[PDB]
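K.L.:
need the 3D shape of this:
(4 chains, ligands or ions: 5)
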Amino acid sequence: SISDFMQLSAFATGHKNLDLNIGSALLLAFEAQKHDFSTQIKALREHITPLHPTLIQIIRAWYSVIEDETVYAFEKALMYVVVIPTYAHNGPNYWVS
Amino acid sequence: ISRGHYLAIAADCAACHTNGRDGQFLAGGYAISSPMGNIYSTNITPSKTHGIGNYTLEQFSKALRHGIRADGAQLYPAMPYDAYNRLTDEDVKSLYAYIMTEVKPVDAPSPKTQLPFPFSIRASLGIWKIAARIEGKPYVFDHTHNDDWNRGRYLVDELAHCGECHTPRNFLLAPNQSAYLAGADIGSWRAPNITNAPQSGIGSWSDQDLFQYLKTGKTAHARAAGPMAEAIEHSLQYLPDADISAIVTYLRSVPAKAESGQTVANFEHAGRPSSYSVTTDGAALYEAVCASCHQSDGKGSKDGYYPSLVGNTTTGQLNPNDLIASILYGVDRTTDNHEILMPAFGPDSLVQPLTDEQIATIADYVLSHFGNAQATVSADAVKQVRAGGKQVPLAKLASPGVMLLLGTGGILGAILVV
Amino acid sequence: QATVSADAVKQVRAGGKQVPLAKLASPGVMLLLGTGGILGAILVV
Amino acid sequence: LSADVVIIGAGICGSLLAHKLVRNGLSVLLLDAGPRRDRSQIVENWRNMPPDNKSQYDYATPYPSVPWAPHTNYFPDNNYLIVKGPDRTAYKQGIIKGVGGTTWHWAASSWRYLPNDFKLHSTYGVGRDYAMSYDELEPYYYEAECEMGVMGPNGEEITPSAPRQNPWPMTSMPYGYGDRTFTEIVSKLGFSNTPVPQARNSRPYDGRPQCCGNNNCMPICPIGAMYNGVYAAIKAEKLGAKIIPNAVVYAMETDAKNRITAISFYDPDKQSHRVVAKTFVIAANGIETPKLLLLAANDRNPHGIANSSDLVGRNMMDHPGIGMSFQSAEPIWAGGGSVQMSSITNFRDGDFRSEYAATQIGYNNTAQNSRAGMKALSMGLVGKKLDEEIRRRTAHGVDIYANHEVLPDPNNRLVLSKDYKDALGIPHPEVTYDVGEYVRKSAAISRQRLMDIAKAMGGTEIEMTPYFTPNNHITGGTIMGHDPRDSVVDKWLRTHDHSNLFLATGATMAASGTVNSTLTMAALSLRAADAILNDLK
Ligand SMILES: Cc1cc2nc3c(=O)[nH]c(=O)nc-3n(C[C@H](O)[C@H](O)[C@H](O)COP(=O)(O)OP(=O)(O)OC[C@H]3O[C@@H](n4cnc5c(N)ncnc54)[C@H](O)[C@@H]3O)c2cc1C
Ligand code: HEC
Ligand code: HEC
Ligand code: HEC
Ligand code: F3S
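P.N.:
Numbering: from 1, shown residues only, chains lettered A, B, ... in the order given. Ligands and ions are numbered 1, 2, ... in the order given. The protein structure is shown below:
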């Protein structure tokens, strides 16, 4: 019951590539935070083919750890790691990635 | 500049004659380590009471090419006189101008070579020298190879003495000419094989990669550390570009001399993609010290200041003897007064002092995930390096038990006469 | 006045300090006596 | 347990004294409350610290708190420090016990004081001036600067600043983007933004690498480019001294001549250990030196050690800080560089010091991606709209402080309290802090200036703090002075009655000044180096 957690949201709506099994350690922890976790996560796959316009309950499995829909979002101008002239006149401005 | 200067630059004749950077160059005091002990190098400035101001052309040449001090004793073979022997008699007097005219006399005593058991008696070296066949008919410019190649055999062998650190030694601590430029461990470090062997040398290195390594010491697949950091920043970088092209040419011509069990040239050994799980863990205990400058995938920085651990000639060697010195002492070059440095991680380290066990794990992780997976580090392959490498089979003689036993056994032959 | 060091015990577990004759029973201590012994033969010549 | 000299506190000050002493011959012991903490372990702690503690700066969580003699905390509090007074929030300042001292975490801004600040009372008629003058301290500034490997803006003439008779060992690393943009716009406004001298390596130094903008420079720097007290402690310990972790000191023994001759110190489990040495040194903290002196009230000493004027634990000082936070108009891209690069030094001196306090505007260069990402998450966004919000709020984030110079007012104090105990039963110290109308008027002016900077950037969502914030460096607590009856220590760092007690700590200063100031702490600790040697030679 992991391929229904990695595949849950999208490529674009989240990391296009994998979590790199950092969700296979999330899923274990969501078992303890929610016993019914592995139950609803299947039920949110067919419904995109109520269920969170007010039921924000599954955002917590999409917020998180930071996972700000992330090793981060915008790494081409900032640090957490990069080379000593990190300064290069700020590079780009809003050319996303 | 001056021709006499150029030879000392090429001959590296100041890497040994000034203790540390801060010393007064050509003054002596750099105690080069050795199995026998810590020989202390001697003043060479033309000082009339301390240096070699009293030396003449024939007294100089005997020292340089035959290792005989002025008053008669034998100079210790810490000299590359076995590499300086074949030097032309013209260049030997060219050095002579530079030392007598160019450099500035300095008035200081130079600490003397305090050696243990009989290695402390100098005169026996003439017995040693004849065993090492070091008299070699000074260099005559060959003709079947163009002057670009001739200089290469003249810089690699005589002037810069690449061998005196690279080519291994025999039981009697003498040059071992069967494996010529094939790589013996040098105290702590280990000079890698630099023959033309494709998967086991530098014959696979790109030509413009090999020139770029020697000139500066920085390249994508190899960064010079240790005794090359002391050789590149002291001699090679100052050589005019035409000279290195000779060394580059000759290095391509040396016959290959292979290694025990290699499968890919040291700089192609790509690494498994893995990471750790966000002490006592090669995957964590690396990410908590090494992953800040490099990255978690070992690929390094994005422009090169932090070398990629993947496909690195210090990782991808079957002998991890270098990669344990690089962790233990860090790397410290200075080319064009831009020093690139890596903190030491040894016992007396100052950024983070790792333990003799811990370095192995990180050394063992890097090898498994980036280096030759066949090549591995035991927890005590590191204590050897911190001590100075495995004892060559001659230093065993310098412990009083090993001689006392040779004493009575030696005397017991006297009674056998009767 | 009498005291025990932490390694006065490892000697006892080993069997006490080696008497000065058992040192002879290790191949290095004889090989050295070998060549030194032979080196007296050449001294005859 | 004995040696020629005992020093307690393996921080910047104690470690510099240790290294100097051992370099000059006399053996040494170091005793510090914390354990031997290694930089890599601290980095691993910080990486896994939850991004709420990174969003708003926590500087103590990655350093795990020992339970016996802990260090302070302010994300949900452990209540080690209790602070009282109208501006109690201002003194909620954190320290980190352990070998290396609190200097394990510090933006390493190492300033020189002005020459006025040593003659403050003799110049403006407020506060109390130091015992010596800057001319009598300059050599120790330069020795400390060489030993810590301090950077500097060598090739420049700036602003009110100490006269330099000797160039900084290195030269300033070039500004990132945030600092260039800030200095340009604030030059447009009318203020001067000049680089902060720092203890980073802008070129490799001392055998540790060059700063590469890890930008983790306050909590912990993973590679060692900046300076920590642990370097001096390591150099001294390898040079021949001895160091003992967890050795909490709680009582000191004396004669009727009041010369220190013994101390009893707990190990973690209340077992007493006794130490005898020719000369004793207390270098704990601006907070933990007065607490220890109050705790060891003796049969000879009813109310406190060296308390002949009733001033130990009194006159507590620290720079009160106003914060700010908004979004610039054009991007700032804060984060490239170190955590503390520039500063508005334009105000550090003038004719107003007799009327109100001299400020030092600056700003904070720590990266915004953490906080900005969390803010955009908690705005309940989703998808590419969320990602765009994260990028905007991290390329526009801004953070500005405005410290102040606080006067020493004796109504402030460090009554060691009763309501709280620990695993040793030693009091949790409690501080009474009041700021004074001096800094009240100064802080009104600072609020105006901060709002003006916010407008100059076109700031939106400007959220100033209303309450003064701490700045983590403790000044005052054992004031120096010539007259023994109105000041504890003398112009040579030797407690008046305890002719054998040397107090090398930030409590010794008589003025809070305007600048991050452990360099003077470290360049008065090296003052006590010669006082000890000459008296024991
Ligand atoms: C966020 C931050 C910002 C900073 N900014 C600056 C800046 O701008 N400029 C600057 O110059 N510096 C700055 N600093 C550094 C600070 O000024 C110094 O680190 C400080 O002055 C030195 O303190 P320490 O770590 O040496 O204390 P320590 O050396 O750790 O003190 C330990 C001592 O306390 C004693 N002790 C502990 N508990 C007890 C007890 N219960 N009873 C008795 N004794 C006890 C121990 O015995 C030991 O002697 C900053 C630090 C931080 C955290
Ligand atoms: C390190 C590998 C060295 C290099 C490179 C050079 N020299 Fe040297 N030299 C070295 C040692 C360790 C010693 C003394 C050892 C011994 O057996 O006594 C010497 C000694 C000399 C001497 C003898 C005169 C004197 O030492 O007072 C001379 C004339 C000398 N060295 C010259 C010399 C020159 C000219 C070099 C550059 C071509 C040179 N040395 C390089 C160590 C090393
Ligand atoms: C930055 C402070 C570093 C940290 C921490 C570590 N390494 Fe490093 N390393 C760094 C530099 C800048 C360099 C090369 C300098 C140059 O001029 O290129 C290196 C080099 C190495 C090497 C060998 C490279 C070579 O010899 O060609 C190795 C094997 C290596 N580093 C490994 C390593 C390990 C195991 C570390 C943690 C114990 C580690 N590095 C940390 C910079 C930094
Ligand atoms: C002893 C002082 C040496 C001298 C003289 C020369 N070399 Fe060397 N070499 C030496 C060391 C200690 C090392 C690296 C050690 C480590 O573990 O990293 C090297 C390495 C090289 C290499 C790279 C080989 C590889 O990494 O696979 C090259 C190409 C090389 N050295 C060339 C070279 C030349 C041409 C020399 C004569 C001018 C020379 N070295 C001298 C040790 C020493
Ligand atoms: S972590 Fe250290 S590397 Fe520099 S930018 Fe920060 S002081």
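K.L.:
how about the nearest residue to the residue of chain A found nearest chain C, chain neighbours excluded?
P.N.:
Residue nearest to chain C within chain A (Cβ to the nearest Cβ): residue A:25, separated by 45.5 Å. (Each C-beta comes from the backbone N, C-alpha and C, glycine too.) Spatial nearest neighbour of residue A:25, excluding adjacent residues (Cβ to Cβ, 6 or more residues apart in numbering or on different chains): residue B:277 at 7.3 Å.
K.L.:
residue 19: what's it in contact with?
P.N.:
All of this refers to chain A. Shown in contact with residue A:19 (Cβ atoms under 8 Å, 6 or more residues apart in numbering or on different chains): A:6, A:26.
K.L.:
that answer is for a different chain, and I need it for chain B
P.N.:
B:27, B:28, B:29, B:30, B:31.
K.L.:
with residue B:383 instead?
P.N.:
Residue B:383 sits next to residue B:356 when contact means Cβ under 8 Å, 6+ apart.
K.L.:
how close does it sit to residue B:185?
P.N.:
Here the criterion is Cβ to Cβ, to the nearest Å. By it, residue B:383 lies 15 Å from residue B:185.
K.L.:
how about residue D:371: what's its closest non-neighbour residue?
P.N.:
In space, residue D:371 is closest to residue D:55, 3.8 Å off (Cβ to Cβ, 6+ apart).
K.L.:
can you pull the contacts of that neighbour?
P.N.:
Contact partners of residue D:55, counting by Cβ under 8 Å, 6+ apart, are D:370, D:371, D:374, D:375.
K.L.:
next one: residue B:110
P.N.:
Counted by Cβ under 8 Å, 6+ apart, residue B:110 has contacts B:27, B:28, B:29, B:40, B:41, B:42, B:43, B:50.
K.L.:
backbone dihedrals for the third one, please?
P.N.:
If I follow you right, that is residue B:29. For residue B:29, the backbone dihedrals (degrees, to the nearest 10) come out as phi 130, psi -10.
K.L.:
that one contacts residue B:38, doesn't it?
P.N.:
No - using Cβ atoms under 8 Å, residue B:29 is not in contact with residue B:38; the gap is 11.3 Å.
K.L.:
those two: which is more packed in?
P.N.:
Set residue B:29 next to residue B:38 and count neighbours by other Cβ atoms under 10 Å in any protein chain shown: residue B:29 wins out with 19 against 12.
K.L.:
give me the element the residue lying closest to the more buried one once chain neighbours are set aside is part of.
P.N.:
With Cβ to Cβ, 6+ apart as the criterion, residue B:29 has its nearest non-adjacent residue at 3.4 Å, and that residue is residue B:19. Residue B:19 belongs to no helix or strand when assigned by DSSP states H and E.
K.L.:
against residue B:155, how distant is the closest residue to ligand 3 within the stretch 51-200 of chain B?
P.N.:
The minimum distance from the stretch 51-200 of chain B to ligand 3, using Cβ to the nearest ligand atom, falls at residue B:189 (10.1 Å). Distance from residue B:189 to residue B:155, counting by Cβ to Cβ: 22 Å.
K.L.:
residue contacts, residue 13?
P.N.:
I went with chain A, as the question did not name one. Going by Cβ under 8 Å, 6+ apart, residue A:13 touches D:382, D:383.
K.L.:
can you look at chain D instead?
P.N.:
D:101, D:283, D:504, D:505, D:506, D:518, D:521, D:522, D:524, D:525.
K.L.:
now the residues you listed as CSV including distance to residue D:147 and neighbour count?
P.N.:
Shown next, in CSV, are these (distance: Cβ to Cβ, whole Å; neighbours: other Cβ atoms under 10 Å in any protein chain shown):
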residue, distance to residue D:147, neighbour count
D:101, 15, 29
D:283, 16, 31
D:504, 15, 29
D:505, 18, 30
D:506, 18, 31
D:518, 13, 28
D:521, 13, 27
D:522, 8, 30
D:524, 14, 26
D:525, 11, 32
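K.L.:
and which of those is nearest to chain B?
P.N.:
residue D:101 (16.3 Å).
K.L.:
now do the contacts for the closest one.
P.N.:
D:9, D:10, D:11, D:12, D:13, D:14, D:15, D:32, D:229, D:285.
K.L.:
same thing but at 10 Å, please
P.N.:
By Cβ atoms under 10 Å, 6 or more residues apart in numbering or on different chains, the contact set of residue D:101 is D:9-15, D:32, D:34, D:95, D:228-230, D:232-233, D:283-285, D:518.
K.L.:
would you map the helices across the stretch 251-400 of chain D?
P.N.:
Here the stretch 251-400 of chain D has its helices, by DSSP state H, counting those that start in this stretch, at D:288-295, D:369-378, D:384-395.
K.L.:
same question, the stretch 51-200 of chain B
P.N.:
Counting by DSSP H, counting those that start in this stretch, the stretch 51-200 of chain B has helices at residues B:57-66, B:81-84, B:89-97, B:125-132, B:147-154, B:163-166.
K.L.:
packed most tightly, which of the helices of the stretch 251-400 of chain D would that be?
P.N.:
Among those, helix D:288-295 has the highest mean neighbour count (mean count of other Cβ atoms under 10 Å in any protein chain shown), at a mean of 26.
K.L.:
that one near ligand 1 at all?
P.N.:
Yes - residues of helix D:288-295 are located near ligand 1 by Cβ under 6 Å from any ligand atom, namely D:288, D:292.
K.L.:
and that helix, what does it pack onto?
P.N.:
In terms of contacts (3 or more Cβ pairs under 10 Å, 6 or more residues apart in numbering or on different chains; DSSP states H and E), helix D:288-295 is packed against strand D:2-8, strand D:248-254, strand D:272-282, strand D:430-432.
K.L.:
among those, which is nearest chain B?
P.N.:
Between chain B and these, the shortest gap by Cβ to the nearest Cβ is with strand D:2-8, which sits at 20.5 Å.
K.L.:
would you mark the buried spots in stretch D:54-69?
P.N.:
D:54-55, D:58-66, D:68-69 (16 or more other Cβ atoms under 10 Å in any protein chain shown).
K.L.:
out of these, which comes closest to residue D:28?
P.N.:
Nearest to residue D:28 among the buried residues of stretch D:54-69 is residue D:69, at 21.4 Å by Cβ to Cβ.
K.L.:
quick check: that closest one touching residue D:288?
P.N.:
Yes - with contact defined as Cβ atoms under 10 Å, residue D:69 reaches residue D:288; the gap is 9.1 Å.
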